[PDB]
Each structure stands twice: as structure tokens, then as C-alpha cells.
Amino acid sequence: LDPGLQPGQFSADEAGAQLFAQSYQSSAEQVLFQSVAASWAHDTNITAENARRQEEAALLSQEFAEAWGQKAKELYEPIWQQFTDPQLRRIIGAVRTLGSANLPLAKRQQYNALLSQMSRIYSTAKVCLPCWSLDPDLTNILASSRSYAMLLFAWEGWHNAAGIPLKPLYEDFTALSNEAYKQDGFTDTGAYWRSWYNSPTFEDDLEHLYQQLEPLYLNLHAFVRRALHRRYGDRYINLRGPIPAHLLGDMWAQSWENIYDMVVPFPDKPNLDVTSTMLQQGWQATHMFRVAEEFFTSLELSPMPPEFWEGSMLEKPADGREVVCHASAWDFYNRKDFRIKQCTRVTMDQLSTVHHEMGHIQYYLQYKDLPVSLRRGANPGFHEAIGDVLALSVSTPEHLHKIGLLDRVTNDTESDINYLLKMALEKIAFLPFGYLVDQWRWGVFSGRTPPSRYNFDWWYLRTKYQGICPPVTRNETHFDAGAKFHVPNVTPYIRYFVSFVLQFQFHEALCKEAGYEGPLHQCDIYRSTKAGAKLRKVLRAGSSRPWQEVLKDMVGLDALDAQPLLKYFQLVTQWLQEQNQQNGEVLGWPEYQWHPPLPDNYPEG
């Protein structure tokens, strides 16, 4: 480490800790920036040289973190929790957790190389014919093809191409991660991840939430399985068993909005999927990002700065460069550079993804003047919910009419059911997947799931919660959890389950502050400066305040609560129950061993 980046001398009391934090800040911006810039150079141009430069930057960040981290524990470990400044408690508490910087040099190098190699395998994998990339090719197949065998070839090809080679790498990463965080006092890596929510009842609280939500998923599941049976027939759909995992519009069966045209309850009404109108009108990536920006400024939040438009990657590069296409938002920690990297496609669900990533950017813009250690969300679920809240207003048929994407307008019972069913395919279908992914990963980090059971325990949870089955046989040479971005790219997932409940709490509170008095699912907060100011208060706090207190100020309650979500969907919850009873459906999948057969002469066709 450069000496100029090393800590000097400070007293072991609150007065000294304030000076320690100020000196840390003045060097941390330089070290964080160089690491983000090297990650950006790699993710937008994957090459062996850019991976070497990124690993070099990661090693330096670990040297910085060890030096200031060791000094913080030596001076303040027994006293920082009683300091009178709550911002200072948070800064010192973060600095004394060293993470991967606890490892000796050789294991640090091994750790960084695994992260680089795992990212490469996932983002360059391809499916070659008897080659397709995940984005756009395989995504488009899973969303629009209605040929069972074509869908199967894409699903099987992808899970085999990405999952199989990742397994040996993921076993080594898990061991090294645990060794690192044990030295910060955590029993395993999953305990560190859960500690961010600062709640001793976290796991029990989540389970209780899912108990209230499960009847809504079971009824959506049965209704959709019936529609699939009408398309594919008894050979491929078992009305009392799990759904084959490749038929629901998405590589992970994680949201089902892309099969809306196959289940719409009242097909005679206006098409609430505006994708064909976007293409007809000539929308491109730039229009989508400017339309999202103008919603934010209608609320008197900030526009995107010049550095955002000059630096971002909003389309897949056409020079054939290899890139990480998975959509992501980037804070460079210098208060100036903020960017999105997205291989944007012109569709309705991509317009929602644009809003989701721009919600992250807006957070970065609002808290950039805090110390670096507090430039985070109140908890990670807050960060995921911001863009989704705005996107709930944008998708209302009334808002779509205002921005020219839906001409015909009606307010009748059948149109309400269509809209809420489409929104249920996006939000309710996701709940089991958002809940199960880190149940799997927490078991791996704790040792309850060793390598010999990675796939056995993944498919137990997938069938338990989602009611789906793999459409070809799997064994422990397969590593199907590894075929989902967040696993090889080491991003925690329970933030998305928290977000999908929390965003309806935010929507209800902002709709009230805007003076709206109709049904919750027809609220549009567009141009409400009062809602804007309420949201701005949350965003400017960063992680300076306990999240339970920020939530109480915003919505009137200091805990996660499913009731606003239930209220939003109530009309379609009742309708789906009534329909399934009339069709004599079985709720659930009591034939839990069932798998579909292979198509005739497969893969030859």
C-alpha cells in the first residue's frame, strides 16, 4: 500500500474517532473509484487483460481495508457502540469489518481470481446448435416461443452451459468467504448478510409474511397451469403436479408476464401489453430513459447529470465485444460519475427495468454528500423498491394513455380484472422465487447443504415453493443455481423479496400524500410534488438512520406488512379463487414426483 493511503495517529476516544473518520474519507474516495472504474472497464469489454487489471485494483482495496480496519479495531472495538454521534457509530462499525481483507495474500489472490472467472463463465456462455447468447437470443425464445421442444432446447442448453463448469469454482469461493468473515465475528457469510437488517427476528418475520402471501400464489399457479394444459395437452401438463420450469415466459420461471397473451381473462378488451405500439411508434433505448427521467423530474427529484448521459452504455455494443449484459446501476464514489449498463431492448417489461435501475441512480444522487460508508439504502430492500414504486404508476392504463401508448380507455369490471391479472403475473409469481434463493444460499454457507447436495436441495426448494419441475432429468453434476446471475456474481437476493412487499407500502403512502382517493391499483403519482418531497426525505438519509424509524416516518408503521399488497390485488384474488373452484382445480401439486416426458426424437428437430 502507498504510504499516503495509510492511517496516521489518533486518540482512543470519540474526539479521535471523528478525526479518524475524516481522514479515512479523504483517501477512501480514491481507492473506491479506482476499483469501480476497473470493474466498469471489464464489464463493458471482457478480456483477460481487463480481468487482470480489475484483480489488481481489488488487491489494493483489500490492503487499504486491512490497514484502516486493523487500526479501527485496535483503537475503538470496545467503545464505538457507545459513541454519541450515530453517523460515527455506523462509519467505525463498517470499517472494523474487514471481509476478504482478513485473508492472507495467497488466499486473497485466489478469492479475486474466482470472482473474475465465475463472472466470465456466466456472461460469455452460449448455446450452440446441432450460437445463441442469453441476451437477446435465449431471453426472446423463452418469452415468445410456444414450441415445447424449442423452449426445452434453450432451457436445457443454458442450464448445462453455465451451471456445470461453475460448480468447482463455487465450492472454493464458499469456503474462502466463510474463512474471511469468521474473523469479523460471524459464524458464516449468510449471518453477515442477514446482519444488515439489524433485526433478531428476521427469518421468522419473513416466514410469517410468506404464510399470508402463499394462498394468492397457489391460486395464480392453478389458473395458469389450466391455460398451459389447453395449449400443450395432457402429455406435457399434469393438472395435479408441478409445472415444467421452461413454460412460464422466463429462463428462471421467476415472473410470468410474458405469457399474458395465453391467460388473459377477457381477450376482447384493449391489449394492455403495449410492446407492439412501442415498436410501431419507433421507440429506442434513449427514448425509454428520457421518459423515465421525466417522471422523476415531475416529482421534483433530480434529473440525470451530463456525466450519466456521456458515460452510460444503454445498448448492446455492435462491434461484437463481449460484455456483461445483465442490467446494473453504478456509483463511482466520487460524487460526479453515475452510470447504467444495460443491453436495452424495446419492450414493455424492459421499460420497467429502466425505471428500476434509474431508481438506484436517483438514490446515489440524493445521498452523495454523506460520508462514503453511509452511501447505502436504509436497508438493501429500500434500494430495490424505489424504481419499482414509480413503475407501478407508469403501468396504469390511465398513465399509459397520457404518454400515448394506449388509445382505447375503459373503466369496467373486466378491464380491472385484466390489469390486476397482468400485474399478478409480474409480482405475485415472483414471491416464492425471491424468498427461496437465499434459503438455498444460507444453507450452503452454514454447511447444511454441502457440495454433494447443491442440486438436490435447490430442486427441493424450487418444487416446495414455486411448484415447478425440471423438464429433463438432473443430477449432482448439474449446478442449476449457478445458472442464475446473482449466484456466480455474488449478489444477495432476499432484498428482492423485501422489496416486493415494501413497494406496495410505499405506493399506498405516496398515493395518500398525493391526495388520491380512488382504488389503490388505479393511483398515478405523476406530477405530485408532495409525494416527491416525502420520497426525497428517505433518499437523502442514506443509512444514517435505523430503517424501522425511516419506515415509521414514511408510512406510519415500523415493520414490513403485507396488508397494502393484499389490498392492491383484492379484486383479482377473489376472482381467481372463484374461477378455480368452478373448474374443480386442485390447489397445489400433490403428485410431487411427476416430470414430463421427452419430445419424440429429441433433440433432432
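Note that the rigid core is defined as the largest set of C-alphas that superpose within 1.5 Å between two forms. The first residue of the sequence shown is number 1, and the count goes up from there.
Between stretches 291 to 299 and 77 to 85, the one whose Cα atoms sit farther from the displayed model in 6 other deposited structures of this protein on average is 77 to 85 (core-aligned, root mean square).
Per-stretch RMS Cα distance to the displayed form in 6 other deposited structures of this protein, following rigid core alignment, is highest for 403 to 411 when 514 to 522 and 403 to 411 are compared. Checked against the other entries of this protein, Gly99 counts as resolved in every one of those spanning it, not missing from a third of them. In at least a third of the other compared PDB entries of this protein that cover both flanking sides, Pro130 is left without coordinates. Counting the deposited residues that fall between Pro200 and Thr201 and carry no coordinates gives zero.
As the entry records it, the average C-alpha temperature factor is higher for 237 to 245, out of 355 to 363 and 237 to 245. Remark: stretch with higher mean C-alpha B factor among 479 to 487 and 134 to 142 is 134 to 142. Looking at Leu421, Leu105, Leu88, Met313, the one whose CA carries the top B-factor in the deposited record is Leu105. Remark: of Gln254, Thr413, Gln503, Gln342, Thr413 shows the highest value [criterion: C-alpha B-factor in the PDB entry]. The deposited CA B-factor of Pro380 belongs to the lowest third of values across its chain. Placement of the Cα temperature factor of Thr286 within the chain: highest third of the modelled residues, per the deposited record. When the modelled residues of the chain are ordered by their C-alpha B factor, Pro597 lands in the highest third.
The entry lists a Cα temperature factor for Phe33 that places it in the middle third of the chain's modelled residues. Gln62: CA B factor in the highest third of modelled residues in this chain (values from the PDB entry).
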